[PDB]
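Structure, as structure tokens:
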């Protein structure tokens, strides 16, 4: 009977560093390392799952955690890691968007193509968990990525955003279109070369994604992979996220300057106050150039502006 446990980063590091001669090659999808011990085999996965197989399975597990539960589970491929295992080391294009939830500013979509020989370099930039990175880190990392790897960007300015919106196009359709047109730009820019894979986050069903591109004159579908939390599948995705955020910050700086008032991020109370200040200082129509009007924030700001 095998035993399983859930190990945090500290437990995984200890487990690996503990025994001598841990193996890392030819392992199942998701597996980090495997240890060949007498009467027991240890296998650790990205998810933190650690499998103990063998006669001394229960004895070995107890050496690390109390409450080692028994399982029929075997040291096999993890479904959550099947794509990453195959796509991880391929030269791929990755895309991501930003600004969809920001009342002020546009929606920015970026695509990045990381060729096999550039994977390590990009990864060395600490692109992992780009979400945690602050704006100052984005300004230092982004430019380094943009000069090392080819990329494409499509910016949906507010005036055009509002125009598509008042005609009935939902944000979802906006994102799909922006992704498709950005991938088109990058695919053409890197030709004759061709990406081994093209990864897009599953911000919506694949079927719905392409359905939205029905009228597109050019649709990139060949070798397109729609995966959840894709930035964990290939570095090109994390690269695209960082680039998108950098461009967004840039657009906001320029937008704040055109409007003449610092535009905060998000759609919280401060945003409503800011918009009220804009309405009073530059007029209501100024929002058409810098905000996503259909947002609830617009009505809230209008009230604040008229109250005094």
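Put a dot 7 Å past the Cα of residue 204, heading toward its Cβ, do the same for residue 253, and the two dots end up 3.2 nm apart. Relative protection proxy for 30-39, 90-99, from highest mean packing down: 90-99, 30-39 (other beta-carbon atoms within 10 angstrom). Given 4 °C and 1.567 mPa s, compute D for the chain with the Stokes-Einstein relation, Rh being the Kirkwood radius over Cα pairs; round to the nearest whole µm²/s. For the chosen part, D equals 59 µm²/s.
Between the Cα long axis of helix 235-259 and the first principal axis of the chain there is an angle of about 20°, rounded to the nearest 10.
Cα axis of helix 9-18 to longest principal axis of the chain: angle in degrees, 0 to 90, nearest 10? Computed tilt is about 30 degrees.
Extension gain, residue 65 to residue 169, is 32.1 nm, computed as 0.36 nm per intervening residue step minus the present C-alpha separation. Beta-bridge orientation, the chain: approximately 80 percent antiparallel, per DSSP, counting only bridges with both partners inside. For the chain, the longest principal axis of the C-alpha atoms and the axis of helix 135-146 are separated by about 80°.
Using mean Cβ contacts within 10 Å as the protection proxy, how do 153-161, 67-75, 183-191 order, highest first?
On the way: 153-161: 18.9, 67-75: 12.6, 183-191: 16.8.
Result, highest mean Cβ count within 10 Å first: 153-161, 183-191, 67-75.
The sum of -39500 (n - 2.57) across all DSSP H runs of n ≥ 4, divided by the residue count of the chain, sets its helix-only mean residue ellipticity at 222 nm to -12500 deg cm²/dmol.
FYI the Cβ positions are ideal-geometry reconstructions off the backbone, even for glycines, and counts take in every protein chain you see. Here, each number is a calculation from the coordinates, and none is a lab measurement.
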